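Have a look at the structure below before the remarks.
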Amino acid sequence: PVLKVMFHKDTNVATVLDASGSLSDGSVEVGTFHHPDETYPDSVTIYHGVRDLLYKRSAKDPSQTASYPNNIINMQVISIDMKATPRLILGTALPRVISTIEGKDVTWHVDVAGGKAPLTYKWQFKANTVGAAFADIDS
Amino acid sequence: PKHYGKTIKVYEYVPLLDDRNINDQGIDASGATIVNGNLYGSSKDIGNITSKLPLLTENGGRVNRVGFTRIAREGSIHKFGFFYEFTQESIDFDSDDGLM
């Protein structure tokens with residue numbers, strides 16, 4: 001998902017919002033970034049994204065862009081306020097392979113955290129035959 | 001000791017993972033400010049603990065900050081006493097010479 005970042009000059013508060021979110025407290029839009037990262041999903045996070053976005057904006061006026069050393073880089077005084085939807089995380093992943101024999105009952109279970117509730121689940125099956133694609137298991 | 005009033009105070013330091021550790025130092029694993037700065041406190045719930053684990057990426061950053069707390073105890077002293085009175089005759093003329 002794309003996360004919009006709003007910055008408030010007077011309070012040093014950076015607000016992270018969904019792409020469609022907005023604020024009316026005087027904060028200015030500083031940019032947007034992908035969370036999770038498309039190329040390094042598990043090597044960076046919202047803090048790194050906000051730092052990268054803020055690095056390219058003027059400290060005198062966050063609305064304008066600026067270069068070092070006239071940019072916002074002191075994160076120690078920056079408070080990140082999270083208001084976007086929590087990242088969707090797969091808590092309990094399925095066992096990559098399950099071995100059994102004919103006539104046995106098999107159960108698959110998954111636990112997922114984050115995201116905007118309610119969650120919906122849809123299972124699919126792909127046969128071992130050549131050229132077989134995933135097909136929904138009729139509910 | 002003398003010249004310190006009638007009270008004694010002492011500090012108690014709370015553990016990090018405790019519900020009494022209420023502070024505003026908390027920064028979660030993604031870098032966002034959070035209401036609690038004691039991770040999961042006294043919780044023993046697996047689901048609660050999992051969502052608050054101090055996870056760390058290869059880029060580090062300002063994530064998983066915590067705070068601390070302490071408590072003060074006190075107690076004071078009080079004064080007591082009583083007395084009794086007698087006359088000379090109540091001692092001299094009494095039958096029992098061991099009365100006092």
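Every chain in the structure tokens takes a letter, A first, then B, and so on in the order presented; its residues are numbered from 1, and the ligands are numbered from 1 following the presented order.
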TODO: Give the residues of chain A that lie within 7 Å of chain B; count only C-alpha atoms, and format the answer as JSON, numbers by chain.
DONE: {"A": [42, 43, 44, 45, 46, 47, 79, 80, 81, 82]}
Residues of the last selection are to be written out with N, CA and C atoms, as a PDB file, in the first residue's frame.
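Saved as result-v7.pdb:
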```pdb
ATOM      1  N   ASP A  42      11.223  -6.532   4.055  1.00  0.00           N
ATOM      2  CA  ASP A  42      11.538  -6.810   5.452  1.00  0.00           C
ATOM      3  C   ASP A  42      12.887  -6.237   5.873  1.00  0.00           C
ATOM      4  N   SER A  43      13.377  -5.210   5.178  1.00  0.00           N
ATOM      5  CA  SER A  43      14.634  -4.567   5.532  1.00  0.00           C
ATOM      6  C   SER A  43      14.471  -3.115   5.952  1.00  0.00           C
ATOM      7  N   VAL A  44      13.326  -2.498   5.669  1.00  0.00           N
ATOM      8  CA  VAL A  44      13.044  -1.122   6.056  1.00  0.00           C
ATOM      9  C   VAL A  44      11.633  -1.075   6.623  1.00  0.00           C
ATOM     10  N   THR A  45      11.250   0.093   7.130  1.00  0.00           N
ATOM     11  CA  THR A  45       9.946   0.238   7.757  1.00  0.00           C
ATOM     12  C   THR A  45       9.493   1.690   7.652  1.00  0.00           C
ATOM     13  N   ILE A  46       8.459   2.018   8.428  1.00  0.00           N
ATOM     14  CA  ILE A  46       7.827   3.328   8.337  1.00  0.00           C
ATOM     15  C   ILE A  46       8.790   4.415   8.793  1.00  0.00           C
ATOM     16  N   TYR A  47       9.612   4.121   9.800  1.00  0.00           N
ATOM     17  CA  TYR A  47      10.589   5.107  10.243  1.00  0.00           C
ATOM     18  C   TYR A  47      11.546   5.471   9.117  1.00  0.00           C
ATOM     19  N   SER A  79       8.236  13.216  15.976  1.00  0.00           N
ATOM     20  CA  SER A  79       7.326  12.198  16.475  1.00  0.00           C
ATOM     21  C   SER A  79       6.466  11.678  15.332  1.00  0.00           C
ATOM     22  N   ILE A  80       6.510  10.371  15.107  1.00  0.00           N
ATOM     23  CA  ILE A  80       5.771   9.730  14.028  1.00  0.00           C
ATOM     24  C   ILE A  80       4.443   9.246  14.590  1.00  0.00           C
ATOM     25  N   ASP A  81       3.350   9.819  14.095  1.00  0.00           N
ATOM     26  CA  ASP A  81       2.003   9.447  14.507  1.00  0.00           C
ATOM     27  C   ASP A  81       1.414   8.531  13.448  1.00  0.00           C
ATOM     28  N   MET A  82       1.108   7.295  13.837  1.00  0.00           N
ATOM     29  CA  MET A  82       0.617   6.280  12.915  1.00  0.00           C
ATOM     30  C   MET A  82      -0.906   6.297  12.939  1.00  0.00           C
TER      31      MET A  82
END
```
Open item on the list: Residues of chain A classed as strand (DSSP E) by DSSP on the backbone are to be reported as a VMD selection string.
Closed with: chain A and resid 2 to 8 13 to 18 28 to 34 79 to 82 89 to 92 111 to 113 124 to 125 135 to 136
Can I get the selected residues back with N, CA and C atoms, as an mmCIF file, in the first residue's frame?
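Written file, out03.cif:
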```cif
data_model
loop_
_atom_site.group_PDB
_atom_site.id
_atom_site.type_symbol
_atom_site.label_atom_id
_atom_site.label_comp_id
_atom_site.auth_asym_id
_atom_site.auth_seq_id
_atom_site.Cartn_x
_atom_site.Cartn_y
_atom_site.Cartn_z
ATOM 1 N N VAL A 2 0.274 2.354 -0.514
ATOM 2 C CA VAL A 2 0.941 3.651 -0.535
ATOM 3 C C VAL A 2 0.488 4.445 0.682
ATOM 4 N N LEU A 3 1.448 4.933 1.459
ATOM 5 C CA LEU A 3 1.173 5.674 2.680
ATOM 6 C C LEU A 3 1.520 7.140 2.473
ATOM 7 N N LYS A 4 0.549 8.015 2.720
ATOM 8 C CA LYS A 4 0.780 9.448 2.648
ATOM 9 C C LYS A 4 1.319 9.945 3.982
ATOM 10 N N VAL A 5 2.245 10.897 3.922
ATOM 11 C CA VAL A 5 2.906 11.433 5.106
ATOM 12 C C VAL A 5 2.599 12.921 5.191
ATOM 13 N N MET A 6 2.092 13.348 6.340
ATOM 14 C CA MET A 6 1.850 14.752 6.631
ATOM 15 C C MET A 6 2.766 15.198 7.764
ATOM 16 N N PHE A 7 3.276 16.420 7.652
ATOM 17 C CA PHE A 7 4.222 16.964 8.618
ATOM 18 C C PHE A 7 3.695 18.282 9.160
ATOM 19 N N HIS A 8 3.819 18.473 10.471
ATOM 20 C CA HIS A 8 3.405 19.703 11.137
ATOM 21 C C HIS A 8 4.658 20.438 11.594
ATOM 22 N N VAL A 13 5.557 16.825 14.285
ATOM 23 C CA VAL A 13 4.770 15.598 14.286
ATOM 24 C C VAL A 13 4.541 15.190 12.840
ATOM 25 N N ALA A 14 5.025 14.005 12.481
ATOM 26 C CA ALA A 14 4.827 13.451 11.147
ATOM 27 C C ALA A 14 3.708 12.418 11.224
ATOM 28 N N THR A 15 2.637 12.647 10.472
ATOM 29 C CA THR A 15 1.472 11.774 10.489
ATOM 30 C C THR A 15 1.462 10.917 9.232
ATOM 31 N N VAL A 16 1.351 9.605 9.418
ATOM 32 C CA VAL A 16 1.277 8.651 8.319
ATOM 33 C C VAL A 16 -0.186 8.306 8.095
ATOM 34 N N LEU A 17 -0.636 8.419 6.849
ATOM 35 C CA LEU A 17 -2.034 8.235 6.501
ATOM 36 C C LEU A 17 -2.148 7.327 5.288
ATOM 37 N N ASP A 18 -3.312 6.700 5.154
ATOM 38 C CA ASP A 18 -3.626 5.987 3.927
ATOM 39 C C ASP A 18 -3.575 6.953 2.748
ATOM 40 N N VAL A 28 1.419 19.836 6.362
ATOM 41 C CA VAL A 28 1.612 19.904 4.919
ATOM 42 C C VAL A 28 2.033 18.533 4.413
ATOM 43 N N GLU A 29 1.636 18.216 3.184
ATOM 44 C CA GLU A 29 1.956 16.922 2.594
ATOM 45 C C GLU A 29 3.412 16.942 2.144
ATOM 46 N N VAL A 30 4.183 15.947 2.578
ATOM 47 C CA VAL A 30 5.604 15.893 2.257
ATOM 48 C C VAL A 30 5.944 14.797 1.252
ATOM 49 N N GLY A 31 5.070 13.817 1.061
ATOM 50 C CA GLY A 31 5.325 12.777 0.082
ATOM 51 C C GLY A 31 4.605 11.496 0.464
ATOM 52 N N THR A 32 4.884 10.448 -0.307
ATOM 53 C CA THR A 32 4.302 9.135 -0.080
ATOM 54 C C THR A 32 5.355 8.072 -0.363
ATOM 55 N N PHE A 33 5.165 6.902 0.244
ATOM 56 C CA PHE A 33 6.098 5.799 0.074
ATOM 57 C C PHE A 33 5.347 4.485 0.225
ATOM 58 N N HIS A 34 5.949 3.422 -0.303
ATOM 59 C CA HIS A 34 5.337 2.102 -0.273
ATOM 60 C C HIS A 34 5.702 1.370 1.009
ATOM 61 N N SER A 79 8.236 13.216 15.976
ATOM 62 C CA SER A 79 7.326 12.198 16.475
ATOM 63 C C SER A 79 6.466 11.678 15.332
ATOM 64 N N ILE A 80 6.510 10.371 15.107
ATOM 65 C CA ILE A 80 5.771 9.730 14.028
ATOM 66 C C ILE A 80 4.443 9.246 14.590
ATOM 67 N N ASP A 81 3.350 9.819 14.095
ATOM 68 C CA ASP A 81 2.003 9.447 14.507
ATOM 69 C C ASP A 81 1.414 8.531 13.448
ATOM 70 N N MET A 82 1.108 7.295 13.837
ATOM 71 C CA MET A 82 0.617 6.280 12.915
ATOM 72 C C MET A 82 -0.906 6.297 12.939
ATOM 73 N N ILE A 89 0.036 -8.830 8.272
ATOM 74 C CA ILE A 89 1.123 -9.726 8.640
ATOM 75 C C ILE A 89 0.565 -11.135 8.763
ATOM 76 N N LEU A 90 1.272 -12.101 8.184
ATOM 77 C CA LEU A 90 0.881 -13.506 8.257
ATOM 78 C C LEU A 90 1.449 -14.092 9.542
ATOM 79 N N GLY A 91 0.599 -14.231 10.558
ATOM 80 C CA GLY A 91 1.072 -14.740 11.836
ATOM 81 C C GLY A 91 1.481 -16.199 11.763
ATOM 82 N N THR A 92 0.539 -17.074 11.424
ATOM 83 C CA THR A 92 0.781 -18.510 11.332
ATOM 84 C C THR A 92 0.745 -18.908 9.863
ATOM 85 N N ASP A 111 -3.269 -17.829 10.547
ATOM 86 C CA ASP A 111 -3.543 -16.702 11.428
ATOM 87 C C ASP A 111 -2.939 -15.446 10.819
ATOM 88 N N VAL A 112 -3.752 -14.403 10.684
ATOM 89 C CA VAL A 112 -3.339 -13.154 10.057
ATOM 90 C C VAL A 112 -3.646 -12.007 11.006
ATOM 91 N N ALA A 113 -2.695 -11.087 11.139
ATOM 92 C CA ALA A 113 -2.846 -9.903 11.970
ATOM 93 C C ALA A 113 -2.720 -8.656 11.111
ATOM 94 N N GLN A 124 -7.977 -21.755 -2.576
ATOM 95 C CA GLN A 124 -7.831 -22.162 -3.964
ATOM 96 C C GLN A 124 -7.058 -23.469 -4.026
ATOM 97 N N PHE A 125 -7.310 -24.238 -5.081
ATOM 98 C CA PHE A 125 -6.658 -25.520 -5.297
ATOM 99 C C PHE A 125 -6.103 -25.586 -6.712
ATOM 100 N N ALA A 135 -7.785 -22.696 -8.927
ATOM 101 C CA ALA A 135 -9.230 -22.569 -9.018
ATOM 102 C C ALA A 135 -9.828 -22.485 -7.621
ATOM 103 N N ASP A 136 -10.819 -21.613 -7.468
ATOM 104 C CA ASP A 136 -11.451 -21.429 -6.170
ATOM 105 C C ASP A 136 -12.141 -22.709 -5.719
#
```
- [ ] Would you mind listing what lies within 10 Å of range 70-73 of chain B as a PyMOL selection string, with only C-alpha atoms counted and same-chain residues fewer than 6 positions away left out?
- [x] chain B and resi 8-15+20-22
Task: residue 41 in chain B surroundings by only C-alpha atoms, 12 Å radius, close-in-sequence under 5 positions cut, as a PyMOL selection string - done: chain B and resi 14-23+26+36+48-49+52-53+66-68
Using only C-alpha atoms, which residues sit within 12 Å of range 98-100 of chain B once same-chain residues fewer than 2 positions away are excluded, as a PDB file with N, CA and C atoms, in the first residue's frame?
```pdb
ATOM      1  N   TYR B  84       0.023   7.761  86.747  1.00  0.00           N
ATOM      2  CA  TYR B  84      -0.850   7.608  87.904  1.00  0.00           C
ATOM      3  C   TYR B  84      -0.277   8.409  89.067  1.00  0.00           C
ATOM      4  N   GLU B  85      -1.136   8.696  90.044  1.00  0.00           N
ATOM      5  CA  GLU B  85      -0.812   9.571  91.162  1.00  0.00           C
ATOM      6  C   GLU B  85      -1.106   8.880  92.487  1.00  0.00           C
ATOM      7  N   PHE B  86      -0.424   9.329  93.541  1.00  0.00           N
ATOM      8  CA  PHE B  86      -0.572   8.737  94.864  1.00  0.00           C
ATOM      9  C   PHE B  86      -0.196   9.763  95.923  1.00  0.00           C
ATOM     10  N   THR B  87      -0.610   9.490  97.158  1.00  0.00           N
ATOM     11  CA  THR B  87      -0.250  10.302  98.312  1.00  0.00           C
ATOM     12  C   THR B  87       0.753   9.558  99.188  1.00  0.00           C
ATOM     13  N   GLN B  88       1.374  10.303 100.103  1.00  0.00           N
ATOM     14  CA  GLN B  88       2.314   9.695 101.038  1.00  0.00           C
ATOM     15  C   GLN B  88       1.607   8.731 101.983  1.00  0.00           C
ATOM     16  N   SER B  90      -1.087   6.993 101.382  1.00  0.00           N
ATOM     17  CA  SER B  90      -1.476   5.793 100.652  1.00  0.00           C
ATOM     18  C   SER B  90      -0.351   4.771 100.586  1.00  0.00           C
ATOM     19  N   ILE B  91       0.888   5.190 100.814  1.00  0.00           N
ATOM     20  CA  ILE B  91       2.032   4.288 100.867  1.00  0.00           C
ATOM     21  C   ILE B  91       2.380   3.916 102.301  1.00  0.00           C
ATOM     22  N   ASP B  92       2.446   4.910 103.191  1.00  0.00           N
ATOM     23  CA  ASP B  92       2.957   4.672 104.536  1.00  0.00           C
ATOM     24  C   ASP B  92       1.995   3.837 105.370  1.00  0.00           C
ATOM     25  N   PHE B  93       0.699   4.128 105.299  1.00  0.00           N
ATOM     26  CA  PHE B  93      -0.279   3.464 106.149  1.00  0.00           C
ATOM     27  C   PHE B  93      -0.899   2.229 105.512  1.00  0.00           C
ATOM     28  N   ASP B  94      -0.585   1.934 104.255  1.00  0.00           N
ATOM     29  CA  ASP B  94      -1.136   0.754 103.608  1.00  0.00           C
ATOM     30  C   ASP B  94      -0.557  -0.518 104.218  1.00  0.00           C
ATOM     31  N   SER B  95      -1.382  -1.566 104.252  1.00  0.00           N
ATOM     32  CA  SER B  95      -0.951  -2.829 104.842  1.00  0.00           C
ATOM     33  C   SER B  95       0.236  -3.418 104.098  1.00  0.00           C
ATOM     34  N   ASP B  96       0.234  -3.337 102.772  1.00  0.00           N
ATOM     35  CA  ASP B  96       1.256  -3.952 101.935  1.00  0.00           C
ATOM     36  C   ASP B  96       2.381  -2.949 101.712  1.00  0.00           C
TER      37      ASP B  96
END
```
Task: Pick from A:35, A:57, A:9, A:83 nearest to residue 116 in chain A, counting only C-alpha atoms - done: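 Of A:35, A:57, A:9, A:83, the one nearest residue 116 in chain A is A:83, counting only C-alpha atoms.
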